[PDB]
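Worksheet: the structure to be examined is printed underneath.
Chain naming follows the written order as A, B, C, D, E and F, and within any one chain the residues start at number 1.
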Amino acid sequence: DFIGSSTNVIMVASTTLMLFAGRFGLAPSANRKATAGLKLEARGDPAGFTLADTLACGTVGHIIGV
Amino acid sequence: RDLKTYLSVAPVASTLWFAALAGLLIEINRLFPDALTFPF
Amino acid sequence: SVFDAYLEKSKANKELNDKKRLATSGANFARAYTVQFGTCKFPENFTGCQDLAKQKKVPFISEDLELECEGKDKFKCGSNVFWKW
Amino acid sequence: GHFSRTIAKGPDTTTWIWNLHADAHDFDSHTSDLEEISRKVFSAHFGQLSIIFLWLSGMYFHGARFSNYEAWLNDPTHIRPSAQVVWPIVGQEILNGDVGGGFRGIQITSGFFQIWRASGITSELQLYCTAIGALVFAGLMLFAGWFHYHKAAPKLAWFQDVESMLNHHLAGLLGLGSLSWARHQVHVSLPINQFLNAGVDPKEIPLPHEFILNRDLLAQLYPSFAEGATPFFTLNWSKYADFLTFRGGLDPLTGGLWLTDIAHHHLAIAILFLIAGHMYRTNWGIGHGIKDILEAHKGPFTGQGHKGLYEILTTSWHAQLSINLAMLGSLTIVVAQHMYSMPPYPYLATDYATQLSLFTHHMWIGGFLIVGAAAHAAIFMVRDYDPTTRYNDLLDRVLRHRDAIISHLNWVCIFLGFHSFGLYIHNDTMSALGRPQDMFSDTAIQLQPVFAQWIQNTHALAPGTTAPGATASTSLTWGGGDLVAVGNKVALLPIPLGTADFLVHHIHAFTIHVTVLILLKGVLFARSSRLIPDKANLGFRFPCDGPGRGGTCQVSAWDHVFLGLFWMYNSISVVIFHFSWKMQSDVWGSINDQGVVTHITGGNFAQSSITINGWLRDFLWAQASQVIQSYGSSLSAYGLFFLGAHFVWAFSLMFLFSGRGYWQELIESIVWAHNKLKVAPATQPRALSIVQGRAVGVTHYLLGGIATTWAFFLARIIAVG
Amino acid sequence: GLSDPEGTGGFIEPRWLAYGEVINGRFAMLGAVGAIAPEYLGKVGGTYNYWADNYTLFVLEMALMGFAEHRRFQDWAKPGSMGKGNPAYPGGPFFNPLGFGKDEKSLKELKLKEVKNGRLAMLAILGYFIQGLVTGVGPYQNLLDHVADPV
Amino acid sequence: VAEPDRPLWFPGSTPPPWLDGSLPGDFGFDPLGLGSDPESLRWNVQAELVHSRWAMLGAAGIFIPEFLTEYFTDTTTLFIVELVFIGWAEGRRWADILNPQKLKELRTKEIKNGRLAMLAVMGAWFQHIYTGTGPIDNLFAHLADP
C-alpha cells in the first residue's frame, strides 16, 4: 500500500486527468478553443471530472488492448 | 349492488354453467366410471 | 375418564410445571432458574460471586471479554473499548 | 360495443357480438384524442405484465410442488425433466409416465430445469419463494394500471419525451439489468454450479447467502476474491481473470457455455448500455436532440430526409408498433439461432427434446411479430399518414416509385422460386427416370456453398490468430476437430455444409422474399392504386369494392396480411423442418467408448433431402412413426393432438374456399324451421362478415397446421432422444 | 426537473410527501437518541433474543400504533375525529394544544430548526444504516476507529 | 330517522347513502356495498339477523364446557327430523320475508351482541383447527405467557 497506493489511486484519479485534455482546449479568453469547447463540446466540466473516471478506466483498458 | 349480479349474468353465465355441468359430469364418472351401459 | 388424575393434573402440569425450585427444600427461599439468590446470608453466587472482585477477574477466562475500570484508572482498557494500533 | 356508446347501443344481429371483440383493443377507433389512447395502451401494458408475471409464478410454483427438479439435479443425464401432474380421471393417468426419479409426470420442453440449474437453484424452498415473489409482483402490476388510468394518468407531454425514455430503457433496464444479473452469477450461480459439476449433491451445497457474506467459502476457488481491497481499485484487472474468462466454446462436462464467460459478458453489456444510455438531451444540458440529428441526414437522392420523422414517431402509435414488432420478431429469430449453436445452459444441448422445441417456438413467435409489423405499418398509412401536416419526403418517393419496388420484388421471387423448387423437381425427375448422375447432388453435378464454407473456415482459425484472447472457438459448429459429449449424448459438433445445404437456404431466401412481397405490397398500395384510387377511404379492414373492374377481392391492406400470414407459415414451417432433420442426421446422436458417433437418422440428409420424395419419405413418413404409434403410452396426448390438429386445419378450408352468401341463404331455411316452432331468436342470426370468414379461416389454418407439427416434433424427439 | 409538480395529484408531485418529510423529522429523532440510550447507558458499567418472539410485540407495536397513527390521518383528511376527551382543534400540519401540557410556542420557526434537526438526524440515522451494514461493525466502532487511523 | 351522529366504525368520515342508522346497529359499515339495493339490504338484514340469533345459542355451547371443566341414532334420523322440522320452521319464515321508539334500542343492542357471537363462534374454531387445543382454559391459561 503506502505511497505506491496513493500514486496509483491518484493516477486512476489522473486517468481522469487526461481526458480533461480531450477536450481541454483553453484559449481563454483568446482565441476561442474554450468558448468553442464550451459551445458544442460541453453544455459542467466536472461533468467531465465525471465523464473522466468513466471512460478513462476504459482508455487504459483499451490502450493496453489496442 | 345491482351491478355485480348483472355482471355475472352475461356469457360468463355460460362458463359458470358449463363449469357446474362439467363438475357434475366428472363426479358422476368418479362414482360410476367405465360406464358402457345403463343396467338397472 | 375426564376427572381421572385431575385431567392428568390439568394435563399442562405434565409438560411444564414452569420451574420447580431445584436443590429443592434446601436453599430455595429465593428464585426460579437459581442464578442463586440462595439462602440469604453469604454471597449469592453464580457470578454473582465475582463479585466486583479485583484485577485478574474470573468471568470464564480464555483471555478476553470486556469489563470495568478497576483499581485506579484502566479505561479505556487496552484489551477492550480502546483504540487499536 | 362497450367501448363506444353508439356501438354499445343495442343488438339486432349476431354481427354485433363478433364486432364487439374484433374492435376491443382498437383504441384509436374509440377516440380521436391521442392522450386518451396513449393513457389506455400504457395501462394495458401493465395488465399484460401482470399476466406474464402470474405466468412465471405458476412455472416456479409447479417446479416446486409438482416437479422432480431435485431428482433431475443429481442425475441430469438420464432423468427426464417433468413438471405438472395429471389427476386420475376418466383414464387420464396414462399421461403420467416414467420420467425417472421415482416420479410420474409429463415430460416438459420449456427448459426451466436447465435455467434453474444455471441460476444455482437447489431446493423447492427456493422455487417456492420465487413463485410468491412473482405473485406479489403480479398484484403490483395489475394495481399499477388501475392507478394510472383512474387516479393519476400521465399527460401526453409525458409520453412524448422520447429522449428521456430512450436513455433509461437501454441503460436503466438494459445496463443495470445486465449488471445486476452479472452479480448474481459470480456470487451465486458460478460458486454453486462449480460445486454441482463436482458431484457434490444439492443438499450438500452450502446456501447461496453463505457465499456472499464470508469470502472464505468463495475464495478457495477463484482466489482473486481473496483480496478484500480487490484489484479493481488498483485498475490492473488482470487478477480477476480467474472467475471470468474469454474461453468460449463449451464445457465438456455440463455441455453449456462457461458461466465463467457469461458473467464477463454481462459485465461488459451492462456498462456498454450504461455508457450508450448517456446520449440524448434532457434538462441538465449534456445530450442529443434526436430531432436535430435526424434532420441533419439528407441527400442528393433523398432531398430533404428524415425531416419530420420525429413528429410522426411522437404522435402515431401504429408507426412505433410496426418498427418494434419488426425487430422484436427479428430478435426472437436470431435468439433461436444463437441458443442452438451456443448452448448457454447446463445440460441443455444434451436435452434434445428441449432444444428442438425451443428453436421451433422462437421461430414462430419471431415469425408472427414480423407479420404484425406489416399490419400496423399499413394501418399507419390509412389512419395516420397526412402529408399536409407531417410530410417526411422519405415516405414520398417510396410512394412515388412504389410500382417499381413491387415489380422488381415480384421478379426476384420468380427467379428464386424457379432456382430453388425447380432444382428439386429436377432431382425428383432424374432419379425417377434412373439417372442420378444428372441430379444436383454431391455425388453428381454439385453446387457447393463455398461462401458459407469459407466463413466457417475463418471462424475455426480465429482463436489465436484474429482472436488471441479466445482460447477456443465461438461455437463448436465452427470448431473443426472438436467434439463435446455430455453423458452418452452429443452436445455439439462441427456442422457440414453441402449441396443439400445450398438448396434449402435458397428456399428460405425465397419464402422470405415472397412473404415480404405480399406484406410490402399491402402497405404501399394501402391508400391508392390504379385499380382503386381511393382505397384509403374504404379503410384498412374492408372486404372489397365490389365485383367491378373484373373483380376487386382482397384489395385491402388487411387481406395482404391475411395472405402473407399463410406464407409466413409456409416459410417457418420449412425452417423448423430444416432444423429438425439436419440436427438429427448430422449432429445429434450417441457416442461410444471408441469414439464412434452414430446419428439418429444416420447422415441421410445429404443425399435424401435433395429430393421432394425424400422429405416425404425419409423425413415425414419415417419420423412420424412415433406420433402415430403413441397410443397406449405416455405420449398418448400427442397422438390425439396430431389428429386433432389435422382437423381444425381441414376445418379452415371450409371458411377459406367459400363465401358468406351461401351460408346466409342456408340460415334462411333454418330460421324458417325455428319460426314454425316459436324458437326464433330476437337477435337474428347472420353469417360471418366477408372479412371475418377470412380471419376465422387463417386462424384455424395456422392453429391446425402449427399444432400438428408440435405434436409431430414433441412425439419424435422424446421417444428417440 | 425533479422539484416541479403539476399534479392532480397521485402524490409524487403536490404538497405532502414533503409533509411526511416534516414528521420523520421527529422519529428519526426519537429513534436515534432512543437507540443510543441503551448503547451508552451501559457504557458506564445476529439474531438476539428478548421476550417471546418480538413479532408478537409487533402485533402490539402495529396495534396501538394503529389505533394511534390511524386517527392522525383522520384529522388531516378532515379536521375532526371525535371519539373517546380527545380535542384536536389544531391545524393539520401541527396540533400542539392538549398534548403539550402548558406551552404553545411555534414561529421562530423552531419548526425550521426542528426540520433542520430533522434531516440531519435523517442522515445521522441514515448514518447508522449503511454504517453498520456493509462493514460488519457498528456505527461507534469504525467511527472511533476512524479518528484513530484517518489516512 | 336520519342522523350524521351515529358512532361510525371509522370516524370522519363514514356515510354510505344506503346506510343511515334508520336500521338498528347501523355503525355505518359497507365499503363493498354488499347491499345497495333495497332488495339487497332487506335480505341481508334478515340474513345478518338469523345468523346472530343462531350464533348466540352457539355461544351457549361455550357456556357448557365451563359447567364441566351424541345421540340415540347418530345423525341420519336426527337430521331428517331436523330438516323436516326446521324446514317447516324456516319455511314459513321464508314466506314472511317475501310477504315504540324503545324497541329500536333493544334491536340495536341485539345485533351487536349477536355480532359478537359470530366473531366469537368463529374464533374458537379457526383457533381449534390446525392447533389441536380447546379454548376452555385459554383465557387465563394462555395469559401465563405469550
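In the analysis below, a contact is a pair of C-beta atoms (placed from the backbone, for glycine too) under 8 Å apart; a residue touches a chain by one contact, two chains touch by 3 or more.
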Q. Suppose you hop from subunit A to any chain it touches, then on again the same way; how many hops at least until you reach subunit E?
A. 2
Q) Measuring centre to centre with C-alpha atoms, which chain is farthest from subunit B? A) A
Q | Length of the line joining the C-alpha centres of subunit A and subunit D, rounded to whole Å | A | 44
**Q.** Whole-Å gap separating subunit D and subunit E, where each centre is the average of the chain's CA atoms
**A.** 51
Q: Report, in whole Å, the distance between the mean C-alpha point of subunit B and the mean C-alpha point of subunit E.
A: 57
**Q.** For the subunit E and subunit F complex, residues of the former touching the latter
**A.** 51-52, 56, 71, 74, 77-83
Q. Where on subunit B does subunit F make contact in their complex?
A. 1-2
Q: Sort out for me which residues of subunit B touch subunit D in the complex.
A: 26, 29-30, 33
Q) Considering the complex alone, what residue numbers of subunit F touch subunit B? A) 33-37, 40
Q. Can you name the residues of subunit A that touch subunit D in the complex?
A. 8-9, 12, 15, 42-44, 47, 54-55, 57, 60-61
